[PDB]
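**Q**
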Amino acid sequence: XXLXXX
Amino acid sequence: XXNXX
Amino acid sequence: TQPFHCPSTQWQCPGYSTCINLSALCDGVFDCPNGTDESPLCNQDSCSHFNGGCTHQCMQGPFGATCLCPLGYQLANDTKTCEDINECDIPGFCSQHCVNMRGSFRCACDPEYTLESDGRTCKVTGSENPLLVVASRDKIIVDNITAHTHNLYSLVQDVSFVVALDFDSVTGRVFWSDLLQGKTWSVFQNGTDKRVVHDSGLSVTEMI
Amino acid sequence: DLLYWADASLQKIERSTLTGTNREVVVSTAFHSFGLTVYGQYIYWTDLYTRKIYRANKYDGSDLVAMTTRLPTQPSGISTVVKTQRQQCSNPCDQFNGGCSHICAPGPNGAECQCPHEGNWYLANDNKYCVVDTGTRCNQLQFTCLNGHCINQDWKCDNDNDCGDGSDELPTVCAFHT
Amino acid sequence: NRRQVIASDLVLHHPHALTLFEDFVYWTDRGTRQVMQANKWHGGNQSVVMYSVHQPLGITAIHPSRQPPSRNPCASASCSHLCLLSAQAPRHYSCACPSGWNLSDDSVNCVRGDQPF
Ligand SMILES: *[C@@H]1O[C@H](CO)[C@@H](O[C@@H]2O[C@H](CO)[C@@H](O[C@@H]3O[C@H](CO)[C@@H](O)[C@H](O)[C@@H]3O)[C@H](O)[C@H]2NC(C)=O)[C@H](O)[C@H]1NC(C)=O
Ligand SMILES: *[C@@H]1O[C@H](CO)[C@@H](O[C@@H]2O[C@H](CO)[C@@H](O)[C@H](O)[C@H]2NC(C)=O)[C@H](O)[C@H]1NC(C)=O
Ligand SMILES: *[C@@H]1O[C@H](CO)[C@@H](O[C@@H]2O[C@H](CO)[C@@H](O)[C@H](O)[C@H]2NC(C)=O)[C@H](O)[C@H]1NC(C)=O
Ligand SMILES: *[C@@H]1O[C@H](CO)[C@@H](O)[C@H](O)[C@H]1NC(C)=O
Ligand SMILES: *[C@H]1O[C@H](CO)[C@H](O)[C@H](O)[C@H]1NC(C)=O
Ligand SMILES: [Ca+2]
Ligand SMILES: [Ca+2]
Ligand SMILES: [Ca+2]
Ligand SMILES: [Ca+2]
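Protein chains in written order, with this note's numbering: chain A, 91 to 96; chain B, 5 to 9; chain C, 46 to 253; chain D, 308 to 485; chain E, 8 to 124.
(1) Which residue marks the beginning of the beta strand (DSSP E) containing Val55/E, and which one marks its end?
(2) If you drop the 5 nearest sequence neighbours on each side, which residues of the same chain put their C-beta closer than 8 Å to that of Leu64/E?
(3) Within 7 Å: the Cβ of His49/E and any heavy atom of ligand 3?
(4) Can you check whether the C-beta of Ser15/E is within less than 8 Å of a C-beta belonging to chain D?
(5) Along chain E, in chain order, which residues have C-beta atoms closer than 9 Å to that of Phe338/D?
(6) Assuming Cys86/E and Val115/E make a contact with CB atoms under 8 Å, what is their CB distance in whole Å?
(7) If we count the other Cβ atoms within 10 Å of its Cβ and call it buried at 16 or more, is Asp354/D buried or exposed?
(8) Assuming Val480/D is part of the alpha helix (DSSP H), what are its boundary residues?
(9) Give me the subset of the segment 69-87 of chain E whose CB atoms are less than 7 Å from a CB atom of chain C, sorted by chain position.
(10) Sort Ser106/E, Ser15/E, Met43/E, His61/E by Cα distance to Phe124/E and report the nearest one.
(11) Under 8 Å between C-beta atoms, does residue 17/C make it to chain E?
(12) Tell me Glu128/C's beta-bridge partners as DSSP assigns them.
(13) If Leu371/D sits next to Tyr356/D, beta carbons under 8 Å apart, how far is it from one beta carbon to the other, in whole angstroms?
(14) So, at 6 Å on beta carbons, what are the nonlocal neighbours of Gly368/D in its own chain, with the 5 sequence-adjacent residues on each side left out?
(15) Apart from the five residues just before and just after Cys71/C, which ones in its own chain have a Cβ nearer than 8 Å to its Cβ?
(16) Apply the 10 Å Cβ neighbour rule to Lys365/D and answer buried if 16 or more other Cβ atoms are within range, or exposed otherwise.
(17) Just list the residues that DSSP pairs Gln41/E with in beta bridges.
(18) Check whether the Cβ of residue 130/E lies closer than 7 Å to any heavy atom of ligand 9, and answer yes or no.
(19) Counting contacts by CB-CB distance shorter than 8 Å, is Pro63/E in contact with chain C?
(20) Anything in chain C within Cβ reach of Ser59/E, meaning under 8 Å, just list it in chain order.
(21) Sorted by chain position, which residues of the same chain lie with C-beta nearer than 7 Å to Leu120/C's C-beta, five sequence neighbours on each side aside?
(22) Taking only beta-carbon atoms, is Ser369/D less than 8 Å away from chain E?
(23) Please report the distance separating the alpha-carbon of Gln44/E from that of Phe31/E.
(24) If you measure from the beta carbon of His49/E to each beta carbon in chain C, is any gap under 8 Å?
(25) Going by the C-beta, is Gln318/D closer than 7 Å to any heavy atom of ligand 2?
(26) Please go through the same chain and pick out, in chain order, the residues whose beta-carbon is closer than 7 Å to the beta-carbon of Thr100/C, but skip the five residues on each side of it.
(27) Who pairs with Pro413/D in a beta bridge, going by DSSP?
(28) If you check the beta carbons only, do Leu200/C and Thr229/C fall under 8 Å apart?
(29) Kindly indicate which residue of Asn446/D, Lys359/D, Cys407/D, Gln447/D has the alpha-carbon position closest to the one of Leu453/D.
(30) Would you mind telling me which residues of chain C sit closer than 8 Å to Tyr33/E, beta carbon to beta carbon, in chain order?
(31) For a contact defined as C-beta to C-beta under 8 Å, what are the partners of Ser199/C on chain E?
(32) Using the beta carbon as the reference atom, which residues fall closer than 6 Å to any heavy atom of ligand 1, ordered along the chain?
(33) Contact check, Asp188/C vs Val207/C under 8 Å by CB: the rounded distance?
(34) On the three-state DSSP scale, how would you describe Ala180/C?
(35) Considering only C-alpha positions, which residue in the set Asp134/C, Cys133/C, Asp155/C is nearest to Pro76/E?
(36) What span of residues does the beta strand (DSSP E) with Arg377/D cover, start to end?
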């Protein structure tokens, strides 16, 4: 999972 | 899932 | 019957069947090939020269004196001294407030908590119900923690993307932010009377 | 003298004594663990899920690091190559094939023997000879030569042939005979 | 006094948020999409509290013990608009005012800023 919450 | 190699 | 060892006044070197008497113990050089004929502490003191040098309690076994420390103390690097352990240095040994004492410890906690029968654990003084709330994408899931059992239900009905959560104890309202709607909402813990807090100016509320 | 096993479904590695008494979890959450090996202070296992080789301290699993990057094609199986000879001991099977016909393995007490893969075999003569199970047996007073010819145990290893193939006078039984 | 609760462990994949309780710590993973529980002092006695279809981002434990009471120095403040608590010893509160407002020399009253932007 990527960091950016979007 | 499977347990084979 | 007919034992397979040497009873009476004999002691055996481990790793062998060699039996030696009460005077042959630590008689000199490490005669037993395994080295167990002698020990590093063997007859260091007689346990008679002023308590044998041990600060608390000496006792002599097959290989000389051994120093005993009362429950709570620890043998120092020098084997003849017993010292107090700092039980408060171990993290979590005392839950909230720990006071180091001579061979002992003291514990206390904040007025919101009460110490248990064991003098370490503190438990919440009020009963209530420890309530855990988690923000899933399209649902705010709330867990009713009790008796090692979790009950799951949805707090509110019309959320789209909730990323942050908090609650106010004074009013008993849960505050959350919606990423897709760009708003911050506040609702009671029973899901009623939802209000908007911020309806504009929010872009990505990481935490609240 | 400890036994280590890795479970790929419960996703943890455990250890216990050789008798299986003291079960402990050396490292929980070890992912999809394939074969595992122990060397030195650490245990090394291959993971089918993240395609990496991990290691951890053999007593508490503290120093857990990944030995390799994400391998391209899902590694499986692992072992250690050691140059020093390991725990050498004298097997009983070298001396006259352990007193058995063809195949023996060193058991807890003396040589232990077994029959080949192919054939309706069955064990005889204190389970030290392999013969074909023709649905026939002999009583407690006949020694059984190979292929089933069985004669009274007094002629057994009397330094004279008594069977059709000399099975009785083979050195396997006469190496230690009374 | 920096300590490690859970470290060098594979229980964590991409953890996002955490909250505390009495001797327990709860946190959410965006990688495994599950909410976890562990001992807050050494990370033992772990268990999965919840599985979620979507990524769980936020988490809070609701209880009065999490929200200890205290005296409110801001309650006696005469500040217009915002009265913010502060760590300065004499007063422990400081008046502030929103975006586009001016802090007057009274340090308690603010006036709207009519300057251009
Ligand atoms: C969900 O929980 C909230 C918790 O606050 C409930 O709000 C509370 O509701 C009660 C009963 O309606 C309120 O008590 C009433 O107060 C008025 C004066 O404001 C009084 O005239 C009535 O006799 C009664 O005592 C209480 O004030 C209110 N709490 C707050 C902080 O506003 C709400 O009712 C719950 N909803 C459901 C559906 O159970
Ligand atoms: C969590 O569960 C407990 C126990 O089921 C709930 O406590 C009950 O609440 C009702 C009112 O809704 C009371 O009439 C009962 O007397 C309570 N029973 C107990 C055992 O206390 C509690 O309401 C739940 N908490 C939340 C916020 O859902
Ligand atoms: C999980 O909880 C158990 C207790 O239910 C812990 O086990 C005890 O832990 C204390 C403190 O370290 C030890 O003094 C006891 O000897 C333990 N007893 C047992 C039965 O093991 C355990 O430590 C916790 N999990 C981990 C890995 O810490
Ligand atoms: C004890 O003394 C030895 C030698 O000075 C030292 O190396 C060791 O770290 C000490 N251990 C403790 C825990 O006191
Ligand atoms: C030899 O004969 C003696 C007779 O008492 C025992 O049966 C012994 O077991 C025999 N051993 C072998 C190897 O033939
Ligand atoms: Ca000696
Ligand atoms: Ca102490
Ligand atoms: Ca013969
Ligand atoms: Ca990560």
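Beta carbons: idealized from backbone N, C-alpha and C, even for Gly.
**A** Per the coordinate set shown:
(1) The count along the fifth sequence starts at 1 and reaches residue 55/E at position 48. First-last of the beta strand (DSSP E) with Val55/E: 54-58.
(2) Counting from one through the fifth sequence, the residue named residue 64/E turns up at place 57. When the five nearest sequence neighbours on each side are left out, the beta carbons in the same chain lying within less than 8 Å of the beta carbon of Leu64/E are those of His23, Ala24, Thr35, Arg37, in order along the chain.
(3) Within the fifth sequence, residue 49/E is the residue found at index 42, counting from 1. Under cutoff, so the answer is yes.
(4) Translated into positions along the fifth sequence, residue 15/E becomes position 8. At a cut-off of 8 Å between beta-carbon atoms, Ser15/E makes contact with chain D.
(5) One-based indexing of the fourth sequence puts residue 338/D at position 31. By Cβ distance, chain E contributes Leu17.
(6) To locate residue 86/E, count along the fifth sequence from 1; it is residue 79. To locate residue 115/E, count along the fifth sequence from 1; it is residue 108. In this structure, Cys86/E and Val115/E form a Cβ contact; the two beta carbons are roughly 5 Å apart against a cut-off of 8 Å.
(7) Position 47 of the fourth sequence holds residue 354/D. Burial call: buried.
(8) Translated into the one-based positions of the fourth sequence, residue 480/D becomes position 173. Residues 478-481.
(9) Result list: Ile69, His70, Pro71, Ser72, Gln74, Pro75.
(10) Position 117 of the fifth sequence, counting from 1, holds the residue named residue 124/E. If you compare the alpha carbons of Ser106/E, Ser15/E, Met43/E, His61/E with that of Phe124/E, the shortest gap goes to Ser106/E.
(11) Since the first residue shown for chain C is 46 and the last is 253, residue 17/C is missing from the structure and cannot be characterised.
(12) Translated into positions along the third sequence, residue 128/C becomes position 83. Secondary-structure assignment with DSSP links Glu128/C through a beta bridge to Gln119/C.
(13) Taking the first residue of the fourth sequence as 1, we reach residue 371/D at position 64. Taking the first residue of the fourth sequence as 1, we reach residue 356/D at position 49. About 15 Å separates the two Cβ atoms, so there is no contact after all.
(14) Position 61 of the fourth sequence holds residue 368/D. When the five nearest sequence neighbours on each side are left out, the beta carbons in the same chain lying within less than 6 Å of the beta carbon of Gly368/D are those of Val333, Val334, in order along the chain.
(15) For the purposes of this step, residue 71/C is taken as the residue at position 26 of the third sequence. So the qualifying residues of the chain are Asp82, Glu83, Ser84, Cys87, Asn88, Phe108, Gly109.
(16) If you number the fourth sequence from 1, residue 365/D lands on position 58. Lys365/D counts as buried, since at least 16 other C-beta atoms from the protein chains shown sit within 10 angstroms of its C-beta.
(17) Against the fifth sequence, residue 41/E aligns to sequence position 34. Partner(s): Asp36/E, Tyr58/E.
(18) Here chain E covers residues 8 to 124 and nothing more, so residue 130/E does not appear.
(19) For this step, residue 63/E is matched to residue 56 along the fifth sequence. The beta carbon of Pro63/E sits closer than 8 Å to some beta carbon of chain C.
(20) Here residue 59/E corresponds to residue number 52 of the fifth sequence, with the count starting at 1. Ordered by position in chain C, the residues that pass the 8 Å Cβ test against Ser59/E are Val179, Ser181, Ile186.
(21) The residue given as residue 120/C occupies position 75 in the third sequence. If we look at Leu120/C and ignore the five residues flanking it on each side, its Cβ neighbours are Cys112, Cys114, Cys127.
(22) Taking the first residue of the fourth sequence as position 1, residue 369/D is located at position 62. At a cut-off of 8 Å between C-beta atoms, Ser369/D counts as an interface residue with respect to chain E.
(23) Translated into the one-based positions of the fifth sequence, residue 44/E becomes position 37. Translated into the one-based positions of the fifth sequence, residue 31/E becomes position 24. If you take the alpha carbons of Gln44/E and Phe31/E, they lie about 7 Å apart.
(24) Mapped onto the fifth sequence, residue 49/E falls at position 42. Output row for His49/E: interface = yes.
(25) Along the fourth sequence, one-based indexing puts residue 318/D at 11. Answer for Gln318/D: no, Cβ out of range of ligand 2.
(26) Taking the third sequence and counting its residues from 1, one reaches residue 100/C at position 55. Closer than 7 Å at Cβ, skipping near neighbours: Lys125, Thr126, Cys127.
(27) To locate residue 413/D, count along the fourth sequence from 1; it is residue 106. Per DSSP, the beta-bridge partners of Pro413/D are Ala418/D.
(28) For the purposes of this step, residue 200/C is taken as residue 155 along the third sequence, with counting starting at 1. For the purposes of this step, residue 229/C is taken as residue 184 along the third sequence, with counting starting at 1. Not in contact: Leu200/C and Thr229/C (Cβ atoms no closer than 8 Å).
(29) Here residue 453/D refers to the residue found at position 146 when the fourth sequence is read from its first residue. Minimum Cα distance to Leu453/D is reached at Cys407/D.
(30) In the fifth sequence, residue 33/E corresponds to position 26, counting from 1. The contact set of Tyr33/E on chain C, defined by CB atoms closer than 8 Å, consists of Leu177 in chain order.
(31) Position 154 of the third sequence, counting from 1, holds the residue named residue 199/C. In chain order: nothing, as chain E lies at least about 12 Å away.
(32) Per the Cβ criterion, the list is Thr216/C, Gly217/C, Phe233/C, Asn235/C, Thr237/C.
(33) The sequence position of residue 188/C within the third sequence is 143, counting from 1. The sequence position of residue 207/C within the third sequence is 162, counting from 1. Actually they do not touch by this definition, with Cβ atoms about 15 Å apart.
(34) Stepping through the third sequence from its first residue, residue 180/C is reached at position 135. Three-state result, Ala180/C: strand.
(35) Looking up residue 76/E in the fifth sequence gives position 69. When each option's Cα is compared against that of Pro76/E, the closest is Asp155/C.
(36) Here residue 377/D corresponds to residue number 70 of the fourth sequence, with the count starting at 1. Element bounds for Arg377/D: n/a, residue is neither H nor E.
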